[PDB]
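> Sequence, then the experimental structure. Questions to follow.
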Amino acid sequence: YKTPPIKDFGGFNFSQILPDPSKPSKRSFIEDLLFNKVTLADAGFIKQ
Amino acid sequence: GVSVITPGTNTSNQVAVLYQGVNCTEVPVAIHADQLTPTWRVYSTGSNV
Ligand SMILES: *[C@@H]1O[C@H](CO)[C@@H](O[C@@H]2O[C@H](CO)[C@@H](O[C@@H]3O[C@H](CO)[C@@H](O)[C@H](O)[C@@H]3O)[C@H](O)[C@H]2NC(C)=O)[C@H](O)[C@H]1NC(C)=O
Ligand SMILES: *[C@@H]1O[C@H](CO)[C@@H](O[C@@H]2O[C@H](CO)[C@@H](O)[C@H](O)[C@H]2NC(C)=O)[C@H](O)[C@H]1NC(C)=O
Ligand SMILES: *[C@@H]1O[C@H](CO)[C@@H](O)[C@H](O)[C@H]1NC(C)=O
C-alpha cells in the first residue's frame, strides 16, 4: 500500500514515524535514530 | 559454501549453482585448471554468470 501525498489527518501528524524519501533508506525518523543508537556488530556485508 | 538449485528430477535436468558470499572472479579462478573440491566444471564456462 502507498500513503497519499496529502497529510490531512485532523491535525494528527505522523512525519517522524512516516518514511523519509530524503534518506537513502525510506525509514522513519525514529527508526533512523534506533539504527544509529544500536552499536551493531556482524554487519553482514560482502567484505572481500 | 556451495549450493545447487533444481526444478525437480522429473521436471527437468537444468540446474544452477550458487557460490555463497563469493563473487564472480574467484569462481572463474576455480576453473578446472586448478582442481578444487567440486570436480564437475562444465558450467564454469558460464555465459550467464
Ligand atoms: C507536525 O507538527 C509540526 C509542527 O506542529 C508541523 O509543521 C512543522 O512546524 C515546525 C515549526 O515550524 C517545523 O520545524 C522547524 O521550524 C523552523 C522554523 O524556523 C524551520 O526553520 C525548520 O526548518 C523546521 O521546519 C517543521 O519543519 C514543520 N514540519 C514538521 C514535519 O514538523 C507539521 O506539519 C505536522 N505534520 C507533519 C506531517 O509533521
Ligand atoms: C478534507 O480533505 C481536503 C484535502 O485535505 C481538505 O478540504 C478542504 O476543505 C475546505 C473547506 O472546509 C476548503 O476550503 C479547502 O480548499 C479544502 N482543501 C483542499 C486541498 O482541497 C480538508 O483537509 C479536509 N476538509 C474538507 C471540508 O475538505
Ligand atoms: C514428476 O511428475 C509426474 C507427473 O506430473 C509424477 O507422476 C511424478 O511422481 C513426479 N516425479 C517425482 C515426484 O519424483
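Happy to help now that I have it. Numbering: from 1, shown residues only, chains lettered A, B, ... in the order given. Ligands and ions are numbered 1, 2, ... in the order given.
> what's the residue most central in space within chain A sitting at in phi/psi?
Central residue of chain A (CA atoms, centre = their mean): residue A:27, 1.5 Å from the mean position. Main-chain torsions, residue A:27, degrees, to the nearest 10: phi -110, psi 160.
> Residue A:17 is in contact with that one, correct?
No: at 10.1 Å, residue A:27 does not count as touching residue A:17 under the criterion of CB atoms under 8 Å. (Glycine included, C-beta is placed from N, CA and C.)
> In contact with residue 28: list those residues for me.
Unless you meant another one, I'm taking chain A. A:16, A:17, A:18, A:19, A:20 (CB atoms under 8 Å, 6 or more residues apart in numbering or on different chains).
> not what I meant, chain B
So residue B:28 contacts B:44, B:46, B:49 (CB under 8 Å, 6+ apart).
> ok, and the most crowded of the residues you listed?
Ranked by neighbour count (other CB atoms under 10 Å in any protein chain shown), the contacts of residue B:28 have residue B:44 at the top, with 17 neighbours.
> most centrally placed residue in chain B?
In chain B, the C-alpha nearest the mean C-alpha coordinate belongs to residue B:17, at 4.0 Å (CA atoms, centre = their mean).
> which residues touch that residue?
Going by CB under 8 Å, 6+ apart, residue B:17 touches B:2, B:3, B:4, B:5, B:43.
> Among those, which lie within strands?
Members of these lying in strands (criterion: DSSP state E): B:2, B:3, B:4, B:5.
> Now flag whichever of the residues you listed is closest to residue B:33.
residue B:2 (18.5 Å; CB to CB).
> Would you quantify the distance from that closest one to ligand 1?
For residue B:2, the distance to ligand 1 equals 49 Å [CB to the nearest ligand atom, to the nearest Å].
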